[PDB]
Amino acid sequence: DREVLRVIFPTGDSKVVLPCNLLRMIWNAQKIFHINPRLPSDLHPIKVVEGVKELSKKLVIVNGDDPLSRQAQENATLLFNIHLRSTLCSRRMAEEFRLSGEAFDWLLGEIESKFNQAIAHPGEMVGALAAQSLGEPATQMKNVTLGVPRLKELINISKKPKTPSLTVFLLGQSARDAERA
Amino acid sequence: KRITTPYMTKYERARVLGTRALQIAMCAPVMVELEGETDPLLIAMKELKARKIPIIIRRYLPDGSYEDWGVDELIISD
Amino acid sequence: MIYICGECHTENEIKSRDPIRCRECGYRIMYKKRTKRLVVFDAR
Amino acid sequence: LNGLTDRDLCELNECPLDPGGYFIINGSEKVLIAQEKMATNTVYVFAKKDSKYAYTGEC
Amino acid sequence: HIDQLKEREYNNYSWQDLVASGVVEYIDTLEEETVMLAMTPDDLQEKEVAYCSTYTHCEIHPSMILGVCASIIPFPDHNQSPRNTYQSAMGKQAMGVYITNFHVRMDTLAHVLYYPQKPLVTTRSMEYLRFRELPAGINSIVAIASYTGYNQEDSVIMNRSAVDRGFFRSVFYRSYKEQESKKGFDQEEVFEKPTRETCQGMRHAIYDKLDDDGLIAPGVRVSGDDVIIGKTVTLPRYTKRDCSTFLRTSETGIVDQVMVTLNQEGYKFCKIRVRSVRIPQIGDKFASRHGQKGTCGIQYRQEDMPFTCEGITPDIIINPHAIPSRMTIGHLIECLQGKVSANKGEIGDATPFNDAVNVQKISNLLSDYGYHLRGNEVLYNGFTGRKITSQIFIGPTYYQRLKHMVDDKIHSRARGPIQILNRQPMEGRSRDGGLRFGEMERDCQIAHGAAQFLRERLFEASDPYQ
Amino acid sequence: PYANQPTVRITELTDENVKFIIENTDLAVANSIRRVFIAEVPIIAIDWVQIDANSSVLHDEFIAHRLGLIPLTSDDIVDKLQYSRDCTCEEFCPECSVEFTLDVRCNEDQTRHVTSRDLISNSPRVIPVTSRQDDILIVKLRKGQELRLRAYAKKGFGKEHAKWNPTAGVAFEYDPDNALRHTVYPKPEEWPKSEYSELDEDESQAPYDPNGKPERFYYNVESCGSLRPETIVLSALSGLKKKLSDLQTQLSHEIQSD
Amino acid sequence: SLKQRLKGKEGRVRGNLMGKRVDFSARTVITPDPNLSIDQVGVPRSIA
Amino acid sequence: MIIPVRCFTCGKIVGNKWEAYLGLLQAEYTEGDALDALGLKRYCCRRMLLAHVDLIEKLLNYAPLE
Amino acid sequence: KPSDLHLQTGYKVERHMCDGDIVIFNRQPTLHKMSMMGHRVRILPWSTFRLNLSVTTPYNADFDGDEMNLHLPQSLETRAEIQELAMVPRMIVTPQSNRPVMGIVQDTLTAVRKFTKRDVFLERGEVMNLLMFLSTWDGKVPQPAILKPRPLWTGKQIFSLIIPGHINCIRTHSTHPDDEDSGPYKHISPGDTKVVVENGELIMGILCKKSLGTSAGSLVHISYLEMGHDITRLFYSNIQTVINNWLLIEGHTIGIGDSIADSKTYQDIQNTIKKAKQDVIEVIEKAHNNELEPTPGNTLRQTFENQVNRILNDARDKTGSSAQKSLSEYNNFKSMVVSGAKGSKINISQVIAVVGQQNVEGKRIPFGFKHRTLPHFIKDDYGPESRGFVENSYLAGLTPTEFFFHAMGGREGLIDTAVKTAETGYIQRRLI
Amino acid sequence: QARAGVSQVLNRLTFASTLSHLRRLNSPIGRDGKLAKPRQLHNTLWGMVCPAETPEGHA
Amino acid sequence: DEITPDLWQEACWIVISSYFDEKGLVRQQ
Amino acid sequence: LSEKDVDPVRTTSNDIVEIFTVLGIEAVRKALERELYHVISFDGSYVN
Amino acid sequence: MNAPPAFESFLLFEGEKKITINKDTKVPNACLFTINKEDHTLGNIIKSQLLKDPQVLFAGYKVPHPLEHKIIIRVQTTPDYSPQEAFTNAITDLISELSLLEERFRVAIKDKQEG
RNA sequence: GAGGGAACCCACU
Ligand SMILES: [Mg+2]
Ligand SMILES: [Zn+2]
Ligand SMILES: [Zn+2]
Ligand SMILES: [Zn+2]
């Protein structure tokens, strides 16, 4: 999962946008179930492993059992399953989050409910929503063209931009040496 | 055989509540034990919460095919 | 009826089918009288 | 109203503070807004933007 | 030259003699490209770092770069320039006495303030605009405070007790014109009091307030459905059709004048001026001289508004948050200088570029009268009597009442007149029209997913047809 | 049994104002007494104007406004006078209103100053205050202009309209040295001392009293002329007590009905 | 012409079909009210 | 137009003080001293006499229609 | 006649609009889907559409003369669509940027910041008065934060009652020092600048725009995500009412004493401006001796102007930073800025220290005359005052050349607004 | 093809309106122009044209 | 005699008052 | 892109038509997303 | 247009009750008194006189809307004592205080006048 | 208990 993440995010930006806030849900479970973080917990690590597996089976975006459906379902929840496994580790739930059995079961139920509440409702007019989500900030907007004129240059496909430009990256020691640069 | 979501969407919730409220305002038989409320939309609300609304949602697929889901067959968690 | 002339300030009896002109000074602008009606102001 | 004093204007039911400078057309006071024309008889040289002439000089 | 101009009435010395003396000179825009101006005669004085020693002309006063409406602003240089432009716009919509002979005039719309005051904080350019003879506002006591939340986002809180005493009360005069037009031999419109026995095409309103000459008379209360001119046209039982002039909708008033004359064509012509007293109301737009426009959000009585230890309650309370992003420091300095001018008895000078007036001088002057030097006062809560923990910046500020009153803008419709061609509702509140549910409203209701509300707006509530 | 025992110290008493001090009472009681000064002391003011002739430059509602704002002497008559809403007649009997007439015609080159002296009341007990200093100007008339009108003045308090406010300015103060720290000065050396301050000239604030409460309240109640200032304060105390008595009556009825 | 009737933002399609005047609508100045909840609007009695 | 009957802020009678204020001004009192002689101690009344524009004198220059 | 007044079951009565009626409320321009929202009618006795304040942000509405449109749904189906799709609490979190659109605003935001500070203590009467305005209060007066010598409640203790449910949230104040988290006092803040909400209780922290505003992860956002839309609606209403009555006690102002800086700060700002103008003259004499280095990609005038603009912008930022660090905790400009209610730090800089450089099309003031900006200058003058640098604050007042160059700068902004609205509207229409 | 707005009804709302309308200049440029150059506060307006007084919106 | 700086404000407003006594404000129309 | 010692992977343009003609339709989809994100997020503003 | 008459701030229309009592069922011994056509005057004095009562656990008042004219006074007492007796004793103590204040003011006015 | 259009100008957010 880490190798997949480093392929997906080559710049090292760990900030993602994901449906269920797992860290805050864990904190919620700690406060709800009065989890003492200085005591040994009654949560078996195998319960963490099998619960994360069953939960990942229970968060379905693409339905069916066709291998095409299975691959699409795996792709649609790849980051969320990676993040769910990285957050609900057996190591992290034992030494860092210290949740109990009841708190872990509640956590799995909460992640289920809050993921299913996040799935897009069919019938939602998302094209108009996108057009109002990209045009409303436009009311609040090297000689690189930027702001509203560059937005107009982008959505009206212009054969001649105002300032066409390249971003040439250099392959080899010419990237380091200024003189062969 | 039914591939659509088991959760009743917000649009289905709004339209089912409006249709049921218009029916109750047009003297449809109420299906919940009403404790003296007059508003047809509140009656439709608590029929939906009691999952006793007698309406079937026909979800049209992009094929032209459709799935008929009961209002009591759906999840009204939202 | 009774119209104050616009410049000479004298009353003129003017009925219908009589052209608007002051008899005293021939001025063409005249103004109606204030009513005798009971108009009531709250002093507020 | 030219040359009249303030008393002479008040006898005519006019305002001595009223500036004048307008016309009365059908009982409506009309002001002529001044219009900014280009100055005449003067040679002006501009570089025409994206035209067949690099520089033009008009009068 | 100054001595001779000091006695302009008794030397016959004037500006033209200054022009003849070779002292002043008319410089236009091309000639100003070849002159070297001194902003003040202090620029002509030799400096330790001499900028120029070849000045050709000098400015008379730099505050003559401003126009008529920007010369009413006190301390324009302490304001952000968009606020100067906004005040230049809104000083033309302020309410005052627009001309001295407003009683003779039959203007279509006229606004006259009950008690216009000259500003306590004037510029020296306001003498030549004749602003202290036809003024357009009142010096309020303004506390810039957060009180009850009803002044948030540009709103103000007015004193109901002050408004009851005539604070910003005004009259709106509206004049209606109508003539007996002779349209050929048949269509003869005449000012006759209409009887239902002979006239058709009425709006079914009472004609009892009309006189027997077909016109209403001064002193009669009128309402939005009432008739003020009774005109009847002769058509080729119902020979006559009622073309009576009705009053504007929802406009209470009293007939102020009726004028009867002959027009250029020799027809009978009448103008009726109706007078409506406009008391300040929630939603009426009040502005200061610094672009701090707003609507009255609430009115509290005198016992409810906060008070100083002298029992001085503000006339207007404005939000503090209207100041910071606006950067209207001229408003604060106008309040300070007005406090000094009202205590001293002077009329404060706020000419833009004046080194003799600065915030520290005004602060020391205000401290000389037993007030805090920065204008703050210990205000007490009007509801509980308790001292407000912060000390409130309060002082006399020149507010003006704008023409944009709420009763001249409120509109509603259930159903009514539709257009002739497309059978959709009409245009504007003057025609009892509907509001436009335009294309972006359609897009927003699409993004909402509300298809039945979209149908109700765009099919049922506009023009249903089969 | 937890009532206060307030004390009164009149420090000044003129024809136009009273300065007094109330001790040993709550801040809420003092503030409500101030609010009843401003809003709920009934006086007599003109509230009904019929204008017969008005040739002046001021329109009729403007004249009616100026007439309503004129103070009328309400001493010992406003207690006898009845509210119009609580009266039995059709409209304006002598027990519920006071009739004034004004009839001024200008036929001289000098401008006629129609003032409050030209209000001819039908009751000697209720007259314009300046008729009991110059007179309150109503209008000015050039030669050829007249003002004929008839008004009635009814009883009311300042919660309805500010013409029934009997007070010019109610100055109110407590804790003049800021011992309670109810207001927090960022720089107390910048702040002028109170009139009622008991501090040496070196000090700015009193030391913070942690167990203190507002208990001494300074008033300067000024009168516009309709009532004597002591009559304003006495009528305010009586009216607030009457309001509390009426509220206790309805409260007792509501308790017994429950 | 007919083309001028149909074309434009003021024409038939945009000015009368995408958007139109509506019944049962009101317009007036807004003022603050901190005593109302966020889902609640204060309405004048005449408009109501 | 004409002097207000009362001060807007407090309600002190100021309608009887305009002619006295003008007479004190033509007796060469300063405006602060003229206001102090009339008993106007709060600046809310001092602005009421100080900032007043008496337009009614100029409206009386027009011959009366009625 | 009463024969016309008879009602059979199945008739329709077109009754007047009453309390609780659902309406669609709208303000042009209708940019996004929170420009038309569902509201509940409440009849109030004046002539305006009274509106709450938190909803002024999605509507982009102030009360400077704004008018708004009310639409009444006419059937029960449209009424239920507005009730279940377009109500204001359902529109709290936008799908555009996964964050709230209603937040806490001007007076409420400033007084929340002044209210949840560490040293705010309320007597018994103040607490009971504030709890009168808490519509989601269980009736229990909490045990005060201080019991002896005198029972005193803190502002955090009352805001904990305002906060609904068991919300858990960690934010920072706008004045949180960056070195503090890696210091010895991370979980015990010396400045009370770390906001912690545990079990719906404000344990520590000063709330501001970063905590109660329209940003992602804020307290109202977490309230929406865990507690729903109705509970968040009550949260907004309770914050506004409780904080407005505490602000009736506390009070908030802005004065001319808030624009004043200390005399040492004025000497420092004048010294920074004199140093910056000396640096500008140094760059001018370097370019005039052909000693200025032309950076690659730029002509010599462009790099000269860039160096001058960098010097002058560093001057504006440093003078402003000194001015806004000299501010006391009692300052009102500082309070409204660090609450985030109204005002940037640049506004403090321009009010107190330096208005700054005026720009026309991003460059400095052009040579409108023959190689002069105004006829009060020598030709070929490239200094600060010649080309639009305003060295005065708004308190000091601008000199006439600075006044005219500031009028040019503001006219540029007015033009930019009034000519960008049409292009943006056409772009939005084509995107739709 | 005739230019409009050269004559206007004189604004009589206050005296400042009257004077401002009687001292008004107009650039005969289309108000829909997206170029900003005639709208800019040019340097040569010093002392001839007010730098603050201009309409908001399209003009 | 040159106008000393303490009299300059009065002098410039006197010459401005002379200009607005003769020319007025609507002189161009 | 064809030159020596120039990275043929990360070298890119802000020209959308050039990227469509050189690299394809999915490449110009990615490039258009990057350019739109740059325009939107220059202000610090975030759109989902 | 939509201007209410001013007498609605203090006059009860027919069919309107002055004071209503409701039981605040959140906690025991708590009543809500809705007093119509009254304002911060009575609300403040009654709240502060109720706060001086040691058997009163809670006393507060609010105006729900300044454009309306009702006062809500919430009173909670110890179970030995009722909110109705608390309200009645608060009004009784206020009337006693105002009576004493009125007679002492009359005495002080007489004493200043005779001097 | 409902009888004009269009052109233009000004203003408002
Ligand atoms: Mg606005
Ligand atoms: Zn005549
Ligand atoms: Zn009677
Ligand atoms: Zn006063």
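Above: the structure in question.
Asks: Outline the nonpolar core, listing residues and values.
Replies: Counting residues in each nonpolar core, the largest one holds 211 residues, and the members touching the most others are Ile46 and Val49 of chain F. Those residues in contact with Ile46 of chain F, other than ones at most four positions away along the chain, are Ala43 of chain C together with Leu67, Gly68, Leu72, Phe100, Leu119, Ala151, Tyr152, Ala153 and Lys163 of chain F. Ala30 of chain F together with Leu72, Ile104 and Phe159 of chain I belong to the second-largest nonpolar core, a separate cluster that totals 135 residues.

Asks: Describe the protein's contact with RNA strand N, and please don't skip the residues or the numbers.
Replies: Not every one of the 19 residues close to RNA strand N is listed here, only the nearest: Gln93, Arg203, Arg241 and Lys293 of chain E together with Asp66 of chain I. Considering RNA strand N, the proportion of its atoms within 4 Å of the protein that are sugar or phosphate atoms stands at 63%. Measuring from a base nitrogen of RNA strand N, one finds a side-chain N or O atom of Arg241 of chain E at 2.5 Å. Separating a phosphate oxygen of RNA strand N from a side-chain N or O atom of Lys293 of chain E is a distance of 2.5 Å. In the surface near RNA strand N, the residues fall into four nonpolar, six polar and nine charged.

Asks: Describe in detail the packing of aromatic side chains, supporting the description with residues and values.
Replies: Taken as a whole and assessed by the stated rule, the structure comprises 52 aromatic pairs over all chains. Residues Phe25 of chain I and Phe49 of chain I carry aromatic rings whose centres are separated by 5.2 Å and whose planes lie at 70° to one another, so their mutual orientation is edge-to-face. Highlighted residues: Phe25 of chain I in strand β1 (residues 22–26) and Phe49 of chain I in strand β3 (residues 49–51), separated in sequence by 24 residues. Members of the aromatic cluster, joined through ring pairs, are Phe307 and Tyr380 of chain E, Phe20, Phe37, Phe172, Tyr174, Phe217 and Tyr219 of chain F together with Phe105 of chain M. Just above the ring of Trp69 of chain B sits the side chain of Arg59 of chain B; from NZ or CZ to the centre is 5.3 Å. The positively charged end of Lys155 of chain F is found above the aromatic ring belonging to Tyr83 of chain F, 4.6 Å away from the centroid.

Asks: Give me the lowdown on a positive patch on the surface, citing residues and values where you can.
Replies: Taken together, the side chains of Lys152, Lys160 and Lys162 of chain A together with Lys49 of chain D present a region of like positive charge at the surface. Following the sequence through the fold, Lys160 of chain A ends up in the loop between α9 (148–155) and β1 (166–167).

Asks: Run through the sheet that holds strand β1 (residues 7–13) of chain F, naming residues and quoting values.
Replies: Two strands in a sheet stick together by hydrogen bonds in their backbones, pointing the same way (parallel) or opposite ways (antiparallel). Residue and element names in this part refer to chain F. In spatial order, the strands read β1-β2-β10-β9; together these four strands make up an open sheet with antiparallel pairing. Sheet topology places β1 and β9 (167–174) at the edges, where each strand pairs with a single neighbour. Each strand axis lies, on average, 15° off the axis of its neighbour in the sheet, ignoring direction. When β9 meets strand β10 (residues 216–223), the two strands line up antiparallel, connected through six bridges. Looking across to β10, one finds that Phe172 is bridged to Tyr219.

Asks: How would you explain the coordination of the zinc ion (ligand 4) if you had to name every residue and give the values?
Replies: Residue and element names in this part refer to chain H. In this structure, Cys7 (SG), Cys10 (SG), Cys44 (SG) and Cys45 (SG) serve as the protein donors to the zinc ion (ligand 4), at separations of 2.3 Å. Around the zinc ion (ligand 4), the four donor atoms are arranged such that angles at the metal cover 105 to 112°; this shape is classified as tetrahedral. Between the donor residues of the zinc ion (ligand 4), the gaps in sequence give the motif C-x2-C-x33-C-C. One end of the pair, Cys10, is in the segment before α1 (18–26); the other, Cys44, is in helix α3 (residues 43–50), with 34 residues separating them in the sequence. For the pair formed by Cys10 and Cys44, the shared burial category is buried.

Asks: Please provide a residue-by-residue account of the interface of chain I and chain G, values included.
Replies: If you look at the interface, chain I gives 45 residues, while chain G gives 26 residues. Both faces considered, chain I and chain G share a buried interface measuring about 3400 Å² in area, 57% of it formed by carbon and sulfur atoms. Here chain I and chain G share two salt bridges between them. In this structure, the salt-bridge partner of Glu67 of chain I is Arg27 of chain G, at a minimum N-O distance of 2.6 Å. At the junction of chain I with chain G, the criterion picks out 21 residue pairs in polar contact. Sorting the residues of the side of chain I that touches chain G by element identifies β1, β2 (36–43), β3, β4 (67–71) and α7 (229–250) of chain I as the ones contributing at least two each. Partitioned by chemical class, the residues of the side of chain I that touches chain G number 21 nonpolar, 15 polar and nine charged.

Asks: Provide a residue-level description of the coordination of the zinc ion (ligand 3), including the pertinent values.
Replies: Residues and elements named next belong to chain F. Those donors, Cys87 (SG), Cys89 (SG), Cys93 (SG) and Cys96 (SG), are the protein atoms that reach the zinc ion (ligand 3), and they lie 2.3 Å from it. Coordination at the zinc ion (ligand 3) is tetrahedral, judged from the four donor atoms that bind it and the angles of 100 to 114° they form at the metal. The exposure class of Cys93 is buried, given its relative accessible area of 16%.

Asks: Please give an account of the pattern of salt bridges that cites residues and values.
Replies: Inspection of the entire model under this criterion finds 122 salt bridges over all chains. The shortest N-O distance in the salt bridge between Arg301 of chain E and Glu303 of chain E comes to 2.5 Å. In terms of burial, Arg301 of chain E and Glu303 of chain E fall into one category: buried. Residues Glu361 of chain I and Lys37 of chain J are paired through a salt bridge, measuring 3.5 Å at the closest nitrogen-oxygen approach.

Asks: Any chance you could break down helix α3 (residues 124–132) of chain I for me, citing the residues and the numbers?
Replies: Extensive coverage of α3 of chain I is indicated by the burial of eight of its nine residues. What α3 of chain I keeps buried is the set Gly125, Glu126, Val127, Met128, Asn129, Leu130, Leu131 and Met132 of chain I.

Asks: For the arrangement of the chains, give the residues involved together with the corresponding values.
Replies: There are 30 pairs of chains in contact here, and the one with the most contacts is chains E and I. Between chain H and chain K there is no contact; the minimum C-alpha to C-alpha separation amounts to 20 Å. You won't find any contact between chain K and chain L; their C-alpha atoms come no closer than 47 Å.

Asks: If you had to explain the sheet that holds strand β2 (residues 28–32) of chain D to someone new, which residues and values would you point to?
Replies: With respect to topology, three strands assemble into an open sheet ordered β1(D)-β2(D)-β1(J), the strand pairing being antiparallel. Of all strands in the sheet, those bounded by a partner on one side alone are β1 (23–25) of chain D together with β1 (7–9) of chain J. Strand-to-strand twist across the sheet, computed as the mean angle between neighbouring axes with direction ignored, equals 45°. One ladder, built from three bridges, connects β2 of chain D with β1 of chain J; its direction is antiparallel. Opposite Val31 of chain D, over in β1 of chain J, you have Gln8 of chain J as the bridge partner.

The rules we used
Summary of conventions: residues on each chain are numbered from 1 in written sequence order, possibly unlike the entry numbering, and any residue without coordinates is omitted from what is shown. Each chain takes a letter, starting from A, and each ligand takes a number, starting from 1, following the order in which they are written. These chains belong to a larger assembly; the values given apply solely to the chains on display. The basis for every side-chain value is the complete set of heavy atoms in the structure, and neither hydrogens nor water enter the calculation. Residues with missing side-chain atoms are left out of burial classes, side-chain pairs and their counts. Here the nonpolar core consists of buried residues drawn from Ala, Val, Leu, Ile, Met, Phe, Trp, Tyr and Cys, with membership extended through side-chain atoms lying within 4.5 Å. Exposure is judged per residue with a 1.4 Å probe applied to protein chains only, and the accessible area is read against the type maximum: over 50% gives exposed, under 20% gives buried, and values in between give partly exposed. Only heavy atoms enter the contact rule, under which two residues are in contact if any of them lie within 4.5 Å. One heavy atom suffices: a residue is near a molecule or strand as soon as one of its heavy atoms comes within 4 Å of it. N or O atoms within 3.5 Å of each other form a polar contact, as long as, within protein, one can give a hydrogen and the other can take it, and as long as residues adjacent in sequence are counted only when both atoms are side-chain atoms. Note on residue categories: nonpolar means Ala, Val, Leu, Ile, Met, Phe, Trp, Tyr, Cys or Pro, charged means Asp, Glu, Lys or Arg, and polar means any other residue, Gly included. Classification of ring pairs rests on two measures: the distance between centres of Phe, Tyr or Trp rings, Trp counted by its six-membered ring, which must be within 6.5 Å, and the angle between planes, read as stacked under 30 degrees, edge-to-face over 60 and tilted in between. Secondary structure elements follow DSSP: runs of H or I no shorter than four residues count as helices, runs of E no shorter than two count as strands, and numbering proceeds from the N terminus. Whether a charge lies above a ring is judged from NZ of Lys or CZ of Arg, which has to be within 6 Å of the ring centre and within 35 degrees of the ring normal. What goes into a patch is any residue over 30% in relative accessible area without a salt bridge, connected to like charges within 9 Å or, for nonpolar side chains (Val, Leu, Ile, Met, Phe, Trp, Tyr), within 5 Å. Note that accessible areas follow from Shrake-Rupley with a 1.4 Å probe, and for residues the cover is restricted to the protein chains shown. For this document, the term salt bridge refers to a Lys or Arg side-chain nitrogen within 4 Å of an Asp or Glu carboxyl oxygen. Counted charges follow a simple rule, with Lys and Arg positive, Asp and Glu negative, and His plus the chain ends left uncounted. Think of each charge as sitting on NZ of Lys, CZ of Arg, CG of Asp or CD of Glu. The pairing criterion for strands is at least two bridges between them, as found by DSSP. Axis angles are defined between N-to-C directions and span 0 to 180 degrees, where every axis is a line fitted to C-alpha atoms and, for a helix, only to the segment in contact. The rule for donors is simple: N, O or S, within 2.8 Å of the metal, or within 3.2 Å if the metal is Na, K or Ca. Water isn't counted, so a site may look like it is missing partners. Only two sets of limits are used to name each site, 85 to 135 degrees for every angle of a tetrahedral four-donor site, and over 155 degrees for opposite donors with all other angles from 65 to 115 for a square planar four-donor or octahedral six-donor site, with any other site named irregular. Once two parts are brought into contact, the accessible area they lose, counted with a 1.4 Å probe and summed over both, makes up the buried area.

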